[PDB]
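Engineer: Quick one: the structure is below, and I'll ask about it shortly.
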Amino acid sequence: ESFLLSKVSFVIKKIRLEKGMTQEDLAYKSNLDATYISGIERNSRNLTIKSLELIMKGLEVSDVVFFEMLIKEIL
Amino acid sequence: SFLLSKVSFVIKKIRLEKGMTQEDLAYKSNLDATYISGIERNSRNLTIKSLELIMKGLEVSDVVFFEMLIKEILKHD
């Protein structure tokens with residue numbers, strides 16, 4: 001696997017979960033397919049920087065907060 | 001993509017800090033020069049894997065990189 005993917009995908013789930021949000025929820029707010037959101041979260045899809053931004057607007061989370069929560073998961 | 005803009009920028013910064021050129025980082029990170037240039041201007045679309053690849057070309061942690069990312073995000077005026 002890719003250790004990075006692991007941790008990005010993890011912080012996505014966390015926040016998605018923190019947001020009382022489901023997968024098809026986030027698929028809907030973020031303009032992607034649910035298929036894609038499941039996959040991503042089992043480290044079974046490869047997301048580009050765009051999809052990540054799309055996702056971050058689905059999540060309603062800034063880039064500072066996200067990446068602060070990313071480093072924390074690295075730790 | 002505003003994000004691309006600031007990721008790409010921290011890449012160049014550290015690459016530069018590292019007395020490193022683009023084909024240098026293409027070499028160490030095991031990508032194509034073509035894409036390293038592309039990334040740093042048109043911020044060509046890099047995936048999370050490519051980022052990790054590049055991050056090991058750069059010899060920089062995930063903590064320092066992302067600390068340097070936020071900073072580029074936070075700096076203003």
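For the structure tokens, the naming scheme is as follows: chains receive sequential letters (A, B, ...) according to their order of presentation, residues are indexed from 1 within each chain, and ligands are indexed from 1 in presentation order.
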Could you list, as a PyMOL selection string, every residue within 10 Å of range 30-41 of chain A, counting only C-alpha atoms and ignoring same-chain residues fewer than 3 positions away?
Structural biologist: chain A and resi 5-13+22-27+44-47+51-60
Engineer: Restrict the selected residues to N, CA and C atoms and save them as a PDB file, in the first residue's frame.
Structural biologist:
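In the end it all went to selection.pdb:
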ATOM      1  N   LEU A   5      -1.680   7.680   1.358  1.00  0.00           N
ATOM      2  CA  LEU A   5      -3.056   7.276   1.080  1.00  0.00           C
ATOM      3  C   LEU A   5      -3.692   6.841   2.402  1.00  0.00           C
ATOM      4  N   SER A   6      -3.060   5.881   3.093  1.00  0.00           N
ATOM      5  CA  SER A   6      -3.563   5.361   4.370  1.00  0.00           C
ATOM      6  C   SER A   6      -4.022   6.502   5.265  1.00  0.00           C
ATOM      7  N   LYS A   7      -3.092   7.396   5.590  1.00  0.00           N
ATOM      8  CA  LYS A   7      -3.393   8.516   6.488  1.00  0.00           C
ATOM      9  C   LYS A   7      -4.324   9.645   5.940  1.00  0.00           C
ATOM     10  N   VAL A   8      -4.270   9.940   4.639  1.00  0.00           N
ATOM     11  CA  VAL A   8      -5.189  10.928   4.038  1.00  0.00           C
ATOM     12  C   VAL A   8      -6.572  10.352   4.167  1.00  0.00           C
ATOM     13  N   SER A   9      -6.700   9.140   3.645  1.00  0.00           N
ATOM     14  CA  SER A   9      -7.974   8.480   3.616  1.00  0.00           C
ATOM     15  C   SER A   9      -8.543   8.401   5.021  1.00  0.00           C
ATOM     16  N   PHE A  10      -7.672   8.137   5.988  1.00  0.00           N
ATOM     17  CA  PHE A  10      -8.116   8.069   7.377  1.00  0.00           C
ATOM     18  C   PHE A  10      -8.704   9.406   7.893  1.00  0.00           C
ATOM     19  N   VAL A  11      -8.013  10.503   7.642  1.00  0.00           N
ATOM     20  CA  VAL A  11      -8.500  11.760   8.149  1.00  0.00           C
ATOM     21  C   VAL A  11      -9.835  12.134   7.452  1.00  0.00           C
ATOM     22  N   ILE A  12      -9.962  11.811   6.165  1.00  0.00           N
ATOM     23  CA  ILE A  12     -11.240  11.923   5.456  1.00  0.00           C
ATOM     24  C   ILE A  12     -12.399  11.232   6.222  1.00  0.00           C
ATOM     25  N   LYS A  13     -12.240   9.936   6.519  1.00  0.00           N
ATOM     26  CA  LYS A  13     -13.262   9.172   7.238  1.00  0.00           C
ATOM     27  C   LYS A  13     -13.593   9.862   8.540  1.00  0.00           C
ATOM     28  N   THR A  22     -22.514  10.612   6.026  1.00  0.00           N
ATOM     29  CA  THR A  22     -22.257   9.280   5.445  1.00  0.00           C
ATOM     30  C   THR A  22     -21.446   9.365   4.131  1.00  0.00           C
ATOM     31  N   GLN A  23     -21.222   8.237   3.457  1.00  0.00           N
ATOM     32  CA  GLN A  23     -20.376   8.228   2.248  1.00  0.00           C
ATOM     33  C   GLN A  23     -21.056   8.846   1.030  1.00  0.00           C
ATOM     34  N   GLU A  24     -22.276   8.388   0.746  1.00  0.00           N
ATOM     35  CA  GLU A  24     -23.134   8.943  -0.317  1.00  0.00           C
ATOM     36  C   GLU A  24     -23.554  10.402  -0.045  1.00  0.00           C
ATOM     37  N   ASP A  25     -23.539  10.778   1.239  1.00  0.00           N
ATOM     38  CA  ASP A  25     -23.628  12.172   1.684  1.00  0.00           C
ATOM     39  C   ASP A  25     -22.471  12.966   1.090  1.00  0.00           C
ATOM     40  N   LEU A  26     -21.262  12.516   1.408  1.00  0.00           N
ATOM     41  CA  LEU A  26     -20.049  13.185   0.967  1.00  0.00           C
ATOM     42  C   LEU A  26     -19.881  13.090  -0.549  1.00  0.00           C
ATOM     43  N   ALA A  27     -20.395  12.013  -1.145  1.00  0.00           N
ATOM     44  CA  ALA A  27     -20.378  11.863  -2.596  1.00  0.00           C
ATOM     45  C   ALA A  27     -21.219  12.975  -3.177  1.00  0.00           C
ATOM     46  N   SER A  44      -8.334   1.785  -1.354  1.00  0.00           N
ATOM     47  CA  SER A  44      -8.575   0.988  -2.537  1.00  0.00           C
ATOM     48  C   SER A  44      -8.880   1.855  -3.769  1.00  0.00           C
ATOM     49  N   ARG A  45      -8.628   3.168  -3.662  1.00  0.00           N
ATOM     50  CA  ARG A  45      -8.686   4.102  -4.794  1.00  0.00           C
ATOM     51  C   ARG A  45      -7.597   5.158  -4.690  1.00  0.00           C
ATOM     52  N   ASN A  46      -7.191   5.661  -5.843  1.00  0.00           N
ATOM     53  CA  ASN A  46      -6.152   6.673  -5.926  1.00  0.00           C
ATOM     54  C   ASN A  46      -6.725   8.045  -6.238  1.00  0.00           C
ATOM     55  N   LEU A  47      -6.758   8.914  -5.244  1.00  0.00           N
ATOM     56  CA  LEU A  47      -7.327  10.242  -5.474  1.00  0.00           C
ATOM     57  C   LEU A  47      -6.280  11.275  -5.861  1.00  0.00           C
ATOM     58  N   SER A  51      -9.650  15.795  -6.630  1.00  0.00           N
ATOM     59  CA  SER A  51     -10.649  14.997  -5.972  1.00  0.00           C
ATOM     60  C   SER A  51     -10.569  15.286  -4.522  1.00  0.00           C
ATOM     61  N   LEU A  52      -9.357  15.543  -4.033  1.00  0.00           N
ATOM     62  CA  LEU A  52      -9.107  15.872  -2.621  1.00  0.00           C
ATOM     63  C   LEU A  52      -9.696  17.245  -2.232  1.00  0.00           C
ATOM     64  N   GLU A  53      -9.575  18.196  -3.156  1.00  0.00           N
ATOM     65  CA  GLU A  53     -10.175  19.499  -2.966  1.00  0.00           C
ATOM     66  C   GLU A  53     -11.721  19.365  -3.039  1.00  0.00           C
ATOM     67  N   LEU A  54     -12.225  18.645  -4.051  1.00  0.00           N
ATOM     68  CA  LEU A  54     -13.661  18.410  -4.186  1.00  0.00           C
ATOM     69  C   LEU A  54     -14.121  17.868  -2.856  1.00  0.00           C
ATOM     70  N   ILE A  55     -13.392  16.872  -2.356  1.00  0.00           N
ATOM     71  CA  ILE A  55     -13.739  16.214  -1.100  1.00  0.00           C
ATOM     72  C   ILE A  55     -13.741  17.214   0.079  1.00  0.00           C
ATOM     73  N   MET A  56     -12.650  17.956   0.233  1.00  0.00           N
ATOM     74  CA  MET A  56     -12.599  19.055   1.215  1.00  0.00           C
ATOM     75  C   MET A  56     -13.743  20.101   1.157  1.00  0.00           C
ATOM     76  N   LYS A  57     -14.318  20.337   0.007  1.00  0.00           N
ATOM     77  CA  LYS A  57     -15.486  21.167   0.030  1.00  0.00           C
ATOM     78  C   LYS A  57     -16.720  20.357   0.398  1.00  0.00           C
ATOM     79  N   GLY A  58     -16.774  19.091   0.043  1.00  0.00           N
ATOM     80  CA  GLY A  58     -17.832  18.254   0.587  1.00  0.00           C
ATOM     81  C   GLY A  58     -17.832  18.274   2.105  1.00  0.00           C
ATOM     82  N   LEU A  59     -16.632  18.183   2.671  1.00  0.00           N
ATOM     83  CA  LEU A  59     -16.447  18.118   4.122  1.00  0.00           C
ATOM     84  C   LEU A  59     -16.695  19.439   4.856  1.00  0.00           C
ATOM     85  N   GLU A  60     -16.575  20.552   4.126  1.00  0.00           N
ATOM     86  CA  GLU A  60     -16.717  21.892   4.705  1.00  0.00           C
ATOM     87  C   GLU A  60     -15.591  22.181   5.704  1.00  0.00           C
TER      88      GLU A  60
END
Engineer: Please check the contacts: residues of chain B at most 9 Å away from chain A, using only C-alpha atoms, listed as a ChimeraX atom specification.
Structural biologist: /B:1-4,45-49,51-52,62-64,66-67,69-71,73-74
Engineer: Output C-alpha atoms for every residue in the selection just made, as an mmCIF file, in the first residue's frame.
Structural biologist:
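Dumped everything to result19.cif:
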data_model
loop_
_atom_site.group_PDB
_atom_site.id
_atom_site.type_symbol
_atom_site.label_atom_id
_atom_site.label_comp_id
_atom_site.auth_asym_id
_atom_site.auth_seq_id
_atom_site.Cartn_x
_atom_site.Cartn_y
_atom_site.Cartn_z
ATOM 1 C CA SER B 1 -6.958 24.748 -8.056
ATOM 2 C CA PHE B 2 -5.895 26.938 -5.110
ATOM 3 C CA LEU B 3 -4.663 23.733 -3.402
ATOM 4 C CA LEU B 4 -2.449 22.602 -6.298
ATOM 5 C CA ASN B 45 -2.448 16.785 -11.607
ATOM 6 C CA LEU B 46 -0.432 14.803 -9.083
ATOM 7 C CA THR B 47 -2.003 11.930 -7.123
ATOM 8 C CA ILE B 48 -1.297 11.166 -3.459
ATOM 9 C CA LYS B 49 1.240 8.536 -4.541
ATOM 10 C CA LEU B 51 3.298 13.303 -3.749
ATOM 11 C CA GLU B 52 4.748 10.595 -1.570
ATOM 12 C CA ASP B 62 5.309 14.439 6.250
ATOM 13 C CA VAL B 63 5.276 16.531 9.440
ATOM 14 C CA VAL B 64 7.749 19.153 8.134
ATOM 15 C CA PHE B 66 2.677 19.848 5.813
ATOM 16 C CA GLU B 67 3.889 22.332 8.473
ATOM 17 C CA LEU B 69 2.184 23.780 3.588
ATOM 18 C CA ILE B 70 -0.034 25.438 6.214
ATOM 19 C CA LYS B 71 2.530 28.287 6.418
ATOM 20 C CA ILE B 73 -1.591 28.830 3.203
ATOM 21 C CA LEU B 74 -1.451 31.121 6.247
#
Engineer: Can you list, as a ChimeraX atom specification, every residue of chain B that DSSP puts in alpha helix (DSSP H)?
Structural biologist: /B:2-17,22-28,33-41,48-57,62-74
Engineer: To one decimal place, how far is CA of residue 57 in chain B from CA of residue 28 in chain B in Å?
Structural biologist: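 One can read the CA of residue 57 in chain B to CA of residue 28 in chain B distance as 4.4 Å.
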Engineer: Any idea what the distance is between CA of residue 56 in chain B and CA of residue 69 in chain A?
Structural biologist: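 CA of residue 69 in chain A lies at a distance of 21.4 Å from CA of residue 56 in chain B.
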Engineer: Tell me which protein, DNA and RNA residues are within 12 Å of residue 31 in chain B, counting only C-alpha atoms, leaving out same-chain ones fewer than 4 positions away, and put them as a list in words.
Structural biologist: residues 22, 23, 24, 25, 26, 27, 35, 36, 37, 38, 39, 46, 49, 50, 51, 52, 53, 54, 55, 56 and 57 of chain B
Engineer: Would you mind exporting C-alpha atoms of the selected residues as a tab-separated table (two decimals), in the first residue's frame?
Structural biologist:
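Written file, out-v7.tsv:
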chain	number	residue	atom	x	y	z
B	22	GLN	CA	13.90	19.49	-11.35
B	23	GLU	CA	15.53	16.56	-13.18
B	24	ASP	CA	17.40	15.99	-9.89
B	25	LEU	CA	14.03	15.49	-8.12
B	26	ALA	CA	12.65	13.57	-11.11
B	27	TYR	CA	15.63	11.28	-10.57
B	35	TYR	CA	5.86	16.01	-15.04
B	36	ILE	CA	8.02	17.74	-12.36
B	37	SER	CA	8.08	20.92	-14.48
B	38	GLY	CA	4.33	20.52	-15.23
B	39	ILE	CA	3.43	20.14	-11.54
B	46	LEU	CA	-0.43	14.80	-9.08
B	49	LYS	CA	1.24	8.54	-4.54
B	50	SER	CA	3.18	10.96	-6.76
B	51	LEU	CA	3.30	13.30	-3.75
B	52	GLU	CA	4.75	10.59	-1.57
B	53	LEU	CA	7.23	9.71	-4.37
B	54	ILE	CA	8.28	13.34	-4.57
B	55	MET	CA	8.43	13.65	-0.73
B	56	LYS	CA	11.16	10.98	-0.72
B	57	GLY	CA	13.00	12.56	-3.64
Engineer: How far is it from CA of residue 29 in chain A to CA of residue 16 in chain A, in Å with one decimal?
Structural biologist: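 For CA of residue 29 in chain A relative to CA of residue 16 in chain A, the distance reads 11.3 Å.
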